[PDB]
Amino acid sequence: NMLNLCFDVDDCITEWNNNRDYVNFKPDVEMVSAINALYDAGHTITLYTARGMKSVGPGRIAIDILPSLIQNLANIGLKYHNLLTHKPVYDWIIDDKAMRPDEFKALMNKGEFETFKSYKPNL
């Protein structure tokens, strides 16, 4: 029953700031606590970000984006296993196993996340 979980960073774990002072992006401390609890329990935590794909481009993420992001995540005390970049950008993903951070936090608060059932058509 160990889950394989994928989290956005921006406007999810931290809040976007248009000043783009990335190392100082502000955490949602409730998200950090919840992810850390899941990490401690033995779930796999992957972070996946589109950051930089439009601003510096795919060839520059490694140099120009990753240092400040990784440092931010350390400063806010986030535990995670995997960090993946080059996420594509859509206005919406419609996905049977997707959840927004508000629902995630609500379920974690109630202790209901680990057994929460994903969508099925049930035709």
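Numbers for residues come from their place in the sequence shown, where the first is 1.
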**OP:** Quick one: classify residue 67 as lowest, middle or highest third of the chain based on its Cα B-factor.
**Re:** lowest
**OP:** Place residue 61 in the lowest, middle or highest third of its chain's C-alpha B-factors, as listed in the PDB entry.
**Re:** lowest
**OP:** Using the B-factor values recorded in the entry, state whether the Cα atom of residue 107 falls in the lowest, middle or highest third among the modelled residues of its chain.
**Re:** highest
Original post:
If you rank every modelled residue in this chain by C-alpha B factor, which third holds residue 26: lowest, middle or highest?
Top reply: highest
**OP:** Place residue 5 in the lowest, middle or highest third of its chain's C-alpha B-factors, as listed in the PDB entry.
**Re:** lowest
